[PDB]
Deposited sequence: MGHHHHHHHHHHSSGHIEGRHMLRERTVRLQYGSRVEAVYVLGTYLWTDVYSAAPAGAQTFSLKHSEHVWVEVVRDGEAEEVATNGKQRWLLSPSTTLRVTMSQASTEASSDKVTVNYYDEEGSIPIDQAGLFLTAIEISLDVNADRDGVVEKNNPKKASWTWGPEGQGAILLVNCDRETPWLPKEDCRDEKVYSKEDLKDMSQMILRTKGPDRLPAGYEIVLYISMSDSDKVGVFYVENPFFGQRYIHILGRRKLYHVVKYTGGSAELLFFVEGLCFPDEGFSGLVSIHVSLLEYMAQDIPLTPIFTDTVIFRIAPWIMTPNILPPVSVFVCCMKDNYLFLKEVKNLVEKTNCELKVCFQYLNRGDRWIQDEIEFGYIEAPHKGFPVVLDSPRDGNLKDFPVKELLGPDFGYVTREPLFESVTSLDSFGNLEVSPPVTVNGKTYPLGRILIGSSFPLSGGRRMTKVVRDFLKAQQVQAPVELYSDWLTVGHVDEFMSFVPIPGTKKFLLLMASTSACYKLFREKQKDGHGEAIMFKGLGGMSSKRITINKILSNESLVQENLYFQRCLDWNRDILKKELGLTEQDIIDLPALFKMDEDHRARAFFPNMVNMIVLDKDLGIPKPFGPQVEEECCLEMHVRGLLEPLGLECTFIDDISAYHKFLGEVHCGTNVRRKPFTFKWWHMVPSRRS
């Protein structure tokens, strides 16, 4: 970077030189009128070139060489090392008229060289490298660079800042800046609600870290210490990317020169680092489970025993939560979503919370904020996929919606915008609005195929249920009763025959199968799936006044997936030879693939099933091995 510094007519100019730049110096303006030629001397650590009309020649420390004074003949001044107290760094120019060889005047330039660099870990190894050339930009991908910031999801201490990103101002120079200079760190007003920066202002009084840049604070004067010095700063993001915010923020340091009272200080030198705030990322069912969170009323005993029995088959831990006055029966599933953030140095799980009425341990970050489509039961994410050559290494988020011209329900714009702005999960809208409750988790899920890197999409299917019931009826099982053991269902005496003879229910369910198939098609298209990747599980629905579906028997597709082990809601289907024909059919689909099924009874405690489930579960999983910053998202 070339910088303009002029000799001043009949006077000495003193200037700070910042390493990494060089000066072009006009010597012609300072020349007395009538002067013909000039000569120059310079000190040991200043390099001087005479540049005439583009041709540059190096000049010795003390020569007698003379050049013609011309506007197009200038100096180029370079220094390779910072000044110390033993430096006298200078360039002196003498001027001659046509008569004598004795100088008629002279103009000097006295320099103080310092190194100033604002450093960040832009190469993403967790360590702050010296002056990364790319630190002022942010690029995606394996070869991409630029520094990463975590949102802080919780006078300050040193230990409390462990989760933040380091930024170090490295300097080198003599004992003091020359008179009239100061060093200032600053951010834009716009970024002031995106970021915060801490540092110890008075280190001789302690380690106390104070907040010097952020809301209401746009600049901070930093104190210069001579010799080689580093000032350590810690930087936090205040918010995730969103509709109006790309995720990118900038921090600047400038050397400012005092001009005079009432006049602004001049930015002699400025160094800039850029940060991207790490996006919130969701974990699909194929990722290794860590903890299983469940919520149920205190007395649903079968549910708790059977869930505990399931988790004990695995290496997961169980966390049991009970119901709250301000939260729904399903709140652990509907009001909470487990996701994570990651920076090169650190990452942690981060929970999104949307309490029904408003307001899990210290290891978590917590992000807290309308129709039923706003619930997190309506939010899923696929395993990693490749679609038409385009890879989605973190998978794609799935959100239930209604047809564009339908005038039906849709997730709120704020949440939709938030998910889109994370960019790395490239969300897809499905059609959930044919369901009374309206959640994609009522009709679909994903399971890994054990012993491989592959996965299956599981889809609810009414056609599968009707085919099975018609077979069993043909086999002479038409009188087989459902809901055995639910006393509140008994007076209904629902059998396979009674179900198959109900004409309006048949038509309702043909319609719901169209709804499911429309989703099947979008899923195959947007996830790059074929029919080989999909298994259909029998389901059945009843229609409400709005022509929307609610489960006739518990939806088995919404299941706890812990690797090979699947907790599947107990369907209470018709009993053939003292086994539920629905459980037996599902085992026959899944077990040959190495998946182990355990049916979990969440409804017996209520004596009947009206289409609503009173328990919920959510699984916290390990993050992807693939680093998000290695992705190359499409330009938005």
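- Stretches of the deposited sequence left without coordinates are 1 to 23, 178 to 192, 398 to 406, 417 to 422, 690, in sequence order.
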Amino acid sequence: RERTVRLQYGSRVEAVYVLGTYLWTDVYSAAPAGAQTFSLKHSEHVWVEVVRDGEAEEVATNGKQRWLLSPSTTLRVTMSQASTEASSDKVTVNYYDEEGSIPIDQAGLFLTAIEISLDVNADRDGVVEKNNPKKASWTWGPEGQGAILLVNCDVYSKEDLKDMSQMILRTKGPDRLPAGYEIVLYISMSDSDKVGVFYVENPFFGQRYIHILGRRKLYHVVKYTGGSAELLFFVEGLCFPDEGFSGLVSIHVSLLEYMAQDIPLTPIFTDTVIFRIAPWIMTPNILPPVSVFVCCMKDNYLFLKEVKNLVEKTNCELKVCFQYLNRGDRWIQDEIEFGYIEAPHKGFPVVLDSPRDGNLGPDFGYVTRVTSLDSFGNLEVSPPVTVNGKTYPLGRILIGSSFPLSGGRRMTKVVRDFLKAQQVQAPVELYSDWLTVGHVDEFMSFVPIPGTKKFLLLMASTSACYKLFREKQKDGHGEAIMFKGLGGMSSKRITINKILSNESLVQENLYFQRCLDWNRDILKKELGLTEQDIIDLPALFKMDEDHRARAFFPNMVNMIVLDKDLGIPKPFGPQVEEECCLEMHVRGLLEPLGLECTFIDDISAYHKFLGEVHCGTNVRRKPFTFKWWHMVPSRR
From here on, numbers count along this sequence of modelled residues.
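- The stretch 31 to 39 shows the higher mean C-alpha B-factor when 600 to 608 is compared against 31 to 39 in the entry.
- Taking only CA atoms, the mean B-factor in the PDB entry is higher for 157 to 165 than for the other of 496 to 504 and 157 to 165.
- For the set 383, 226, 267, 538, the PDB entry assigns the largest Cα B-factor to 226.
- As recorded in the PDB entry, 64 shows the highest C-alpha B-factor of the residues 585, 64, 570, 45.
- Among the modelled residues of the chain, residue 17 sits in the lowest third by CA temperature factor in this PDB entry.
- Looking at the C-alpha B-factors along this chain, the one for residue 621 belongs to the lowest third.
- Ranked against the other modelled residues of its chain, the C-alpha B-factor of residue 374 as given in the entry falls in the highest third.
- The deposited CA B-factor of residue 186 belongs to the lowest third of values across its chain.
- Among all modelled residues in its chain, residue 255 ranks in the lowest third by Cα B-factor.
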